[PDB]
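Chain and residue survey
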Amino acid sequence: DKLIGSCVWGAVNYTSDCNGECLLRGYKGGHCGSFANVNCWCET
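Residues numbered from 1 in each chain as written, not as in the entry; some residues may be left out. Heavy atoms only, no water.

In terms of determination method, the entry is listed under solution NMR.

The name recorded for the protein chain in the PDB entry is DEFENSIN HELIOMICIN, from Heliothis virescens. Its UniProt record, at the heading Function, says of the protein chain: "This peptide has potent anti-fungal activity. Has no activity against Gram-negative and Gram-positive bacteria." In its Subcellular location section, the UniProt record describing the protein chain reads: "Secreted". (UniProt positions renumbered as here; feature names shortened; annotations may be inferred.)

This brings us to the nonpolar core. Core analysis: the biggest nonpolar cluster contains five residues, these being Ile4, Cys18, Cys22, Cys40 and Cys42. Elements represented by at least two residues in this core include exactly α1 (18–24) and β3 (39–42). Beyond its immediate chain neighbours, meaning those up to four positions away, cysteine 42 contacts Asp1, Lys2, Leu3, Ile4, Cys22, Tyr27, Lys28 and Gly30. (Core = buried A, V, L, I, M, F, W, Y, C linked by side-chain atoms within 4.5 Å. Buried < 20%, exposed > 50% of the residue type's maximum accessible area, 1.4 Å probe, protein only. Helix = DSSP H or I, 4+ residues; strand = E, 2+ residues; numbered from the N terminus. Contact = heavy atoms within 4.5 Å.)

Structure representation (structure tokens):
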């Protein structure tokens, strides 16, 4: 997996646009943790 940042509306390294932060890295459509809604990861 290829982390990107956090996925909490009120935290540091805030993402806001997972797919965005992932696209920024040329990664594939990322998403937010499935069983840990807090950090986002890419679908690599």
